[PDB]
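Okay, structure first, notes after.
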Ligand SMILES: Cc1ncc(C[n+]2csc(CCOP(=O)(O)OP(=O)(O)O)c2C)c(N)n1
Ligand SMILES: Cc1ncc(C[n+]2csc(CCOP(=O)(O)OP(=O)(O)O)c2C)c(N)n1
Ligand SMILES: Cc1ncc(C[n+]2csc(CCOP(=O)(O)OP(=O)(O)O)c2C)c(N)n1
Ligand SMILES: [Mg+2]
Ligand SMILES: [Mg+2]
Ligand SMILES: [Mg+2]
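Residue numbers (the entry's author numbering), protein chains in the order written: chain A, 2 to 555; chain B, 2 to 555; chain C, 2 to 555.
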């Protein structure tokens with residue numbers, strides 16, 4: 002009946018519904034490991050704390066739920082900082098649990114103690130705090146979880162000293178609370194909703210744009226009923242893309258990027274409904290190249306700061322994105338008198354197809370495999386039973402041109418942080434979530450980026466996670482090499498070439514299946530063979546460097 | 002005449018005497034790359050910003066000079082944080098140069114912008130600041146350098162926005178300053194020095210202990226004259242060890258750890274002179290197991306906080322360690338009437354040898370290679386022309402038992418942060434410095450730890466750096482597995498085994514020479530063959546897990 | 002044998018030699034108040050925490066020793082922040098002790114809890130920390146004291162939770178340490194000192210400039226011997242001025258400001274020795290108006306960052322200022338062969354006297370009392386037995402013109418923070434220190450500034466502290482009004498007039514003697530009568546607004 006602080010943590014996690022953790026062992030946090038072992042909660046242990054943190058992200062992003070990461074004092078915490086920052090700008094819900102030096106023997110120059118871990122995380126978390134008494138563990142763990150899961154989602158840090166964790170108390174003297182927090186988000190005032198719907202009804206070329214908060218709550222059947230009653234076409238940023246997979250084809254606009262050529266075609270949108278999509282990198286900042294200056298904008302976001310930050314808007318609503326979608330479907334089931342919109346949907350469709358065909362007529366694979374042709378080979382395997390993870394600059398810019406006409410189960414790309422390497426860990430976490438849902442995970446990364454976490458091939462084999470890692474190999478840090486040539490001069494390249502190393506050989510030495518290909522025919526056969534086996538694999542693809550993707554010109 | 006902000010940075014670095022930089026490219030910092038190319042200043046580009054950071058540390062520590070790291074905005078900075086924290090606790094002088102988002106278009110949700118990089122670094126740097134005008138670059142770069150190099154040494158962060166760097170100005174309108182800062186440290190008041198020397202003269206069993214600040218200034222000929230005149234035996238922590246290599250053998254006490262058994266032998270030190278060695282992990286905290294409670298203590302440190310932080314002292318002096326050593330030599334050349342001390346030195350010598358012989362009589366290699374026997378094989382190659390770098394827990398605890406009786410050119414081990422993985426990058430940086438001095442670098446690391454940065458084998462081959470990487474392979478995260486068995490129970494091991502992967506195969510796929518050995522004879526032949534070639538190499542050593550090193554009991 | 006955490010604090014303060022505290026009561030810190038009552042250590046309780054903090058500053062500045070301030074949780078701490086910031090930029094040694102919410106019942110939304118007080122103080126202290134265990138109180142109090150007192154001096158924050166203070170332990174189980182820290186500062190390398198002295202010997206027009214670090218250590222007899230042997234004239238900023246009071250008249254240059262007119266007179270200094278004086282506001286930034294671009298500069302400062310921050314220098318030394326002065330005296334006693342310098346001292350003297358006479362010939366008091374004439378009246382009472390405190394903008398700029406030819410026991414003016422109002426509390430603390438030394442304190446302040454802390458007249462009467470408060474009353478926030486007229490237009494004055502209120506009437510209602518005067522004759526009689534009484538007093542002086550002081554043009 003006497004129990005440890007580590008037990009208290011794990012009993013609270015169970016009551017909150019968590020089924021998996023991601024981490025790397027240390028003596029400071031061993032009480033949490035022992036408690037998980039007793040209760041049959043698995044911990045996926047990696048080869049780097051960074052990979053563990055990004056895996057918690059991937060699990061959250063692919064499964065639309067909470068992720069949990071577990072690291073030790075000192076370097077255990079500092080190795081987790083890139084994942085924390087990435088989750089902060091992507092609005093993704095992760096609980097980071099960290100060890101730290103004992104409170105008794107504070108300030109004694111001892112092993113792994115002495116860095117102010119809370120101060121380091123303050124600028125990049127929704128909340129960050131250090132626990133002062135063992136009795137407080139259940140209430141504070143649950144409080145941290147409530148902060149992460151509410152709108153807008155984001156990362157939280159709970160710091161647990163090695164004192165506080167090893168301490169033993171009477172289990173009968175401290176209660177474990179339930180997670181009591183409504184699953185339904187708040188919705189707009191009925192007067193704001195009426196105004197929004199009247200604007201939508203009288204528009205000639207209306208458009209919808211989804212962002213990350215739409216993916217976090219995943220209100221698919223409501224979104225479907227709303228789109229079916231109004232006939233309004235829908236676009237998304239990277240993180241919102243998979244929310245379009247269940248819509249009828251005639252209302253699928255794709256990624257926001259191909260709103261670019263609408264102006265030069267006399268087809269600039271009339272009105273745009275932004276649901277959780279911010280003014281920023283993915284939406285063309287304040288330039289008006291995608292969201293026109295002449296259009297009327299309705300914006301819905303849980304954070305008032307974002308409402309028209311870079312551009313004038315017509316109506317600004319603070320509410321939950323899922324709750325709003327839900328309210329739009331309800332009003333629109335009573336209503337049911339909506340103008341046709343068949344011609345406008347055809348126009349949206351025709352413009353996207355024009356971009357695609359234009360790219361295709363310019364891509365050649367004589368004497369070297371073109372990046373666009375390589376992307377096309379992946380695309381024919383993409384559907385509801387697949388999660389796609391994208392890393393590596395030039396690689397994902399080319400890949401995005403084939404992503405609009407297919408319907409992925411999940412799509413996970415870079416956000417605002419834009420940091421090379423986060424892909425490997427992200428994909429590993431996603432595959433853990435996809436197994437319970439019956440789906441396959443595929444990572445598409447660059448030859449530069451894969452090096453950040455190449456050790457994780459060992460983890461894939463140890464844990465038997467059948468992830469497929471595809472490397473687009475152009476012998477260089479690609480986008481950065483392009484910058485030097487384009488912005489400085491043809492003979493001004495330094496520190497950007499990578500003309501060495503057999504990546505498939507490295508995976509083989511760790512016990513995973515390795516392939517090397519260099520054409521449409523060989524790549525096609527290798528991918529089909531990898532999908533047919535229930536095992537991890539590495540496919541090393543020789544690809545040309547010279548071609549410039551349309552998005553790089555912007 | 003018209004020049005960029007990047008040009009200004011590089012012209013100032015040259016005038017300060019810097020000859021090498023360590024980094025990873027980004028478009029945000031390209032102006033610094035171009036300027037280095039024009040001036041013939043090499044940039045060593047790695048596969049991870051963490052490895053670049055630790056390389057700057059290694060260059061500084063092995064060469065007794067300034068280290069310089071160079072990283073891009075966003076993830077470039079966040080990937081550098083473990084190196085920054087490590088340098089902070091180790092008191093090592095590194096200038097961290099980082100990019101950031103442009104000041105114009107601040108707060109626009111754009112690529113790689115938005116994280117408060119200065120706030121993140123504040124708790125772990127001597128100084129941290131963001132540059133506001135291109136004109137300020139020379140004076141601020143030089144100010145950052147002065148902060149890093151003065152006592153006690155430490156890391157500094159200079160944040161340079163991509164605005165401020167691309168900007169062009171008239172070279173005639175801003176002046177580049179010299180580095181004007183005395184090379185000699187401040188020294189004690191003559192009355193304090195007299196008091197210290199009178200205490201030393203009347204002691205029966207005096208002892209000296211050196212810390213990191215002795216290595217940073219490297220006053221070797223002065224230390225030699227002082228020890229030769231007084232006959233007082235000298236000990237050191239890990240970072241101070243190489244400062245003992247030029248002393249006569251009769252006054253070499255070795256690492257502080259073997260002061261442990263002095264009390265049970267009626268030989269507890271009478272008086273101890275601490276020169277830059279703090280009360281903390283390496284010196285036994287406040288327990289009195291190494292620095293006795295009954296001894297009189299003289300402490301010299303540039304930070305008043307450290308003076309008797311965990312224990313009562315007799316005399317507390319704030320001054321520079323190098324300046325103090327220099328002042329002790331000068332007073333002791335005039336003086337020259339010192340008591341014998343021959344018997345006491347013999348006693349110190351005999352106790353260290355007793356420890357060694359006791360370990361040796363207990364180590365067996367029947368059916369598996371013993372970690373102590375493997376350390377012995379390395380030891381016969383260690384002298385003035387070699388730098389040894391140590392990573393990986395159980396590995397370095399065993400290795401330390403053979404380090405006192407040899408005389409290394411350099412020795413680089415974990416400090417207070419105690420973070421697995423920092424070794425690979427550290428060793429890479431050290432080898433760059435050793436080349437100009439004509440020395441070889443050897444890294445000794447664990448099978449767990451090597452995985453953190455295994456991609457750097459590629460960098461070794463690309464740059465032709467002949468570093469030898471030795472992996473002590475016990476199929477596990479060793480020390481942590483020991484904790485579970487010893488502190489919880491024999492059947493309570495989880496998350497600590499690593500029974501997969503061919504590490505020598507991985508190095509071979511990156512283009513480096515790979516060996517696998519499992520006995521005294523085979524390991525011996527492989528190491529000799531690797532030293533005979535001017536090329537990088539990996540030696541994978543199968544070693545037993547069960548033996549417990551003496552230090553792990555403490 | 003059972004004692005409280007509050008007892009532990011006070012027992013440690015006594016052993017460190019503190020004899021007075023400054024504060025304001027709260028229930029959270031009552032254990033400290035009870036302990037002071039048992040041990041006969043007085044606490045000076047004010048009417049505002051800001052006045053308590055500035056009183057700790059004044060006690061430290063006027064007595065050349067440690068100041069100690071005591072405040073309660075929440076608003077107790079936040080009311081103390083202006084004092085903390087002021088001490089940070091002035092390099093003044095104050096220990097700030099603050100209460101905070103109990104660690105048990107952390108994070109319960111309770112009275113005065115919840116603000117991160119350590120994070121608020123981090124950017125403006127040398128050290129700031131929160132105590133985690135009652136046992137740690139003695140070692141951490143003493144550590145805080147060592148940090149405040151070493152070079153360069155500054156403020157420190159120790160946060161003591163209400164939990165940790167009320168807790169009782171066995172007095173026999175925790176030891177109270179001594180304060181063991183040398184009273185002598187570190188000194189330059191003999192080679193740097195020789196170089197400095199050879200430069201000084203061959204100069205034609207050398208000059209010395211003192212700053213705050215010279216006042217903190219107060220090495221008067223050493224300074225006197227050095228100046229007497231070399232014949233080199235000495236200047237100072239506001240904080241260094243009182244260190245000139247014991248020098249022979251022929252070598253007294255005065256405040257650095259009157260180095261201004263030397264260039265137009267063909268007398269620009271040849272060489273300047275800066276002892277703790279920084280490049281900044283008081284020394285003319287990097288403009289070369291006071292410290293010439295053509296001169297050779299030797300700079301001595303404990304912080305390497307300051308060494309030539311805004312201008313090229315010839316020799317840069319990191320050492321203690323007191324230790325350096327001491328070393329200069331010693332070398333100069335053996336030496337004794339120094340060139341005359343009689344002509345050059347006469348030139349320095351003649352230039353200062355020229356400025357004074359020029360001001361005097363321009364000041365008229367027909368129809369209103371001129372600020373210069375009012376300053377002259379105060380000057381005839383200033384000598385070794387008096388401390389002068391200066392506040393309020395136009396007031397202190399006029400006052401400074403009479404300060405060079407007199408020899409004050411102390412002089413306390415604004416530093417870099419330049420914040421109106423800090424004077425009243427500063428003066429109150431100085432008078433506490435002056436009583437044990439047998440000196441009188443006089444505050445000279447503006448009609449705007451006195452309003453910040455006018456309630457302290459009550460404290461003066463309650464405690465019987467015979468401070469004289471003189472108010473220069475020009476019916477306005479003066480310097481700011483001048484700015485509007487001079488920089489914007491004659492009819493652009495708003496928010497700067499203060500044409501209401503009887504300040505002498507307010508002091509009388511609090512029980513202090515009140516006078517009102519408006520001419521040379523009346524002011525003269527009132528001040529003489531106030532000095533003749535052992536009692537606090539307020540003298541309200543009607544003065545003209547229109548005149549512009551020389552320093553305001555700069
Ligand atoms: C952590 C980090 N370091 C550096 C950069 C700067 N950078 C922009 S793209 C790029 C590399 C792309 O290389 P690779 O992964 O091979 O993809 P490719 O463009 O060659 O397809 C680099 C270095 C970054 N975004 N993040
Ligand atoms: C960054 C970091 N530092 C420290 C730890 C905790 N830790 C203490 S020893 C150890 C690992 C030892 O493994 P290896 O590198 O093979 O050396 P061995 O002890 O097996 O010789 C770990 C993980 C951690 N988990 N992460
Ligand atoms: C706390 C603070 N508030 C405001 C200011 C701006 N300020 C500079 S001079 C001045 C006021 C001068 O008023 P007074 O005390 O009457 O002195 P006078 O100039 O009339 O001699 C003010 C308000 C400041 N420096 N600090
Ligand atoms: Mg590439
Ligand atoms: Mg191991
Ligand atoms: Mg006024």
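Even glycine gets a Cβ: it sits at the ideal position worked out from N, Cα and C.
>> Would residue 17 of chain A and residue 146 of chain A be called neighbours here (beta carbons separated by less than 8 Å)?
In response: Cβ atoms of residue 17 of chain A and residue 146 of chain A: closer than 8 Å.
> To which residues of the same chain is residue 326 of chain C closer than 6 Å at the C-beta, ignoring the five residues directly before and after it?
Replying inline: Shown here for residue 326 of chain C: same chain residues with a beta carbon closer than 6 Å to its own, the five before and five after excluded, namely 220, 223 and 224 in chain order.
> Considering only C-alpha positions, which residue in the set A:164, A:125 and A:39 is nearest to residue 135 of chain A?
Replying inline: When each option's Cα is compared against that of residue 135 of chain A, the closest is A:164.
> Count the other CB atoms within 10 Å of the CB of residue 414 of chain A; is the residue buried (16 or more) or exposed (fewer)?
Replying inline: The residue is buried, with at least 16 neighbouring Cβ atoms inside 10 Å.
> So which residues touch the region around ligand 4, with touch meaning a C-beta under 5 Å from any heavy atom?
Replying inline: Qualifying residues come out as A:447, A:448, A:449, A:475 and A:479.
> Given a limit of 7 Å on CB to CB distance, which residues of the segment 479 to 506 of chain B reach chain A?
Replying inline: Taking 7 Å as the Cβ-Cβ cut-off against chain A, the residues of the segment 479 to 506 of chain B that qualify are 481, 484, 485, 489, 493, 495, 496, 497, 501, 502, 503 and 506.
>> Comparing C-alpha positions only, which one of B:87, B:14 and B:314 sits nearest to residue 33 of chain B?
In response: Per the Cα distances, B:14.
> In or out: residue 460 of chain B buried (at least 16 other Cβ within 10 Å) or exposed?
Replying inline: Counting other Cβ atoms within 10 Å of its Cβ, residue 460 of chain B reaches 16 or more and is therefore classed as buried.
>> For residue 556 of chain A, list the residues DSSP reports as bridge partners.
In response: The shown model of chain A, from 2 to 555, leaves out residue 556 of chain A, and the question about it has no answer.
> the segment 464 to 476 of chain C: which residues have C-beta closer than 7 Å to a C-beta of chain B, in chain order?
Replying inline: Against chain B - using a Cβ distance shorter than 7 Å - the segment 464 to 476 of chain C contributes no residues.
> For the putative contact between residue 211 of chain A and residue 241 of chain A, defined by C-beta atoms under 8 Å, what is the C-beta separation to the nearest angstrom?
Replying inline: Between residue 211 of chain A and residue 241 of chain A the beta-carbon gap is near 4 Å, inside 8 Å, which marks them as a contact.
> If we ignore side chains and look at the alpha-carbon of each, how far apart do residue 422 of chain A and residue 442 of chain B end up?
Replying inline: C-alpha separation (whole angstroms): 29 Å.
>> Contact criterion: CB-CB distance below 8 Å. Does residue 182 of chain C meet it with respect to chain B?
In response: Flagged as an interface residue toward chain B: residue 182 of chain C, by a C-beta distance shorter than 8 Å.
> Which word fits residue 500 of chain B, buried or exposed, when buried means at least 16 other C-beta atoms lie within 10 angstroms of its C-beta?
Replying inline: The residue is exposed, with fewer than 16 neighbouring Cβ atoms inside 10 Å.
> residue 76 of chain A CB to nearest chain B CB: under 8 Å?
Replying inline: Yes, because at least one Cβ of chain B sits closer than 8 Å to the Cβ of residue 76 of chain A.
> Quick one: what does DSSP say residue 492 of chain A is sitting in, helix, strand or coil?
Replying inline: Three-state result, residue 492 of chain A: coil.
> Whose C-beta lies closer than 7 Å to the C-beta of residue 297 of chain B among residues of the same chain, with five residues either side of it excluded?
Replying inline: Here the set comprises 200, 272 and 315.
> Would residue 121 of chain C count as contacting chain A if we go by Cβ distances under 8 Å?
Replying inline: Under the 8 Å criterion on CB atoms, residue 121 of chain C is classed as non-interfacial with respect to chain A.
> Roughly how many angstroms lie between the CA atoms of residue 133 of chain C and residue 397 of chain C, to the nearest whole one?
Replying inline: Whole-angstrom Cα-Cα distance: 45 Å.
> Identify the residues that DSSP records as bridge partners of residue 194 of chain A: which are they?
Replying inline: According to DSSP, residue 194 of chain A bridges with nothing at all.
>> Within 10 Å of its beta-carbon, does residue 346 of chain C have 16 or more other beta-carbons around it, so buried, or fewer, so exposed?
In response: Burial is judged here by how many other beta carbons sit within 10 angstroms of a residue's own beta carbon; residue 346 of chain C has at least 16 and is buried.
>> Against residue 190 of chain B, what residues of chain C qualify as contacts under a CB-to-CB distance less than 8 Å, listed in chain order?
In response: What residue 190 of chain B touches in chain C: 183, 185, 186, 187, 188, 324 and 327.
> Closest Cβ-Cβ distance between residue 134 of chain A and chain C: below 8 Å?
Replying inline: For residue 134 of chain A, the answer is yes, since a Cβ of chain C falls inside 8 Å of its Cβ.
> Which residues of chain C have a Cβ atom closer than 8 Å to the Cβ of residue 137 of chain A, listed in chain order?
Replying inline: By Cβ distance, chain C contributes 107 and 108.
> What span of residues does the beta strand (DSSP E) with residue 158 of chain B cover, start to end?
Replying inline: Taken as a continuous stretch (DSSP letters only), the beta strand (DSSP E) holding residue 158 of chain B covers 157 to 162.
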